[PDB]
C-alpha cells in the first residue's frame, strides 16, 4: 500500500494496514478484494477495560465508507460489552489517510443494558 496512492477504501483491497485512533487503540485490518474486513482491535483507551488484548474485528469497506464491529470477549478477558464503528475515509492535505468514525458501545452495568456513543479518528500507520 501507499498513503500517496489512496483514492478510497477500494485502495485497501487485498492489503494489511495498521490504524491508531486518538486514544492510542490500534487495529490491524485485512481487506479482501470484495471489501470484506477482518483483523484485530487492541483497545488502549485509558479508564476502559479489556486493554492490550487482540479482539476479532469484522466489517466491510466500499468506496468512501467503512463499518466494523468488535465484541469485547476473546476467552481471555470479557468486558460484557460490544462496540461498532461506522465512518468515512478522508485524505489529509499533508498526504495522510484517516477514518473518521462514530462508535456505539453497548454494555450491561448494575442498572443493566446501556449504550455510550462517541467519535474516533483512525490514522493510517506508514510503517514505510
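Residue numbers count along the first chain shown, from 1.
Engineer: Which is higher on mean Cα B factor in this entry, 22-30 or 86-94?
Structural biologist: Result: 86-94.
Engineer: Look up the CA B-factors in the entry and say which stretch, 117-125 or 4-12, has the higher mean.
Structural biologist: It is 4-12 that shows the higher mean C-alpha B-factor.
Engineer: Among 101, 69, 43, 64, where is the Cα temperature factor highest, going by the PDB entry?
Structural biologist: Highest CA B-factor of the listed options: 64.
Engineer: Select lowest, middle or highest to describe the third in which the CA B-factor of residue 75 falls within its chain in this entry.
Structural biologist: It falls in the top third of the chain.
Engineer: Which third of the chain holds residue 47 when residues are ordered by C-alpha B factor: lowest, middle or highest?
Structural biologist: Ranked within chain, residue 47 CA B lands in the highest tercile.
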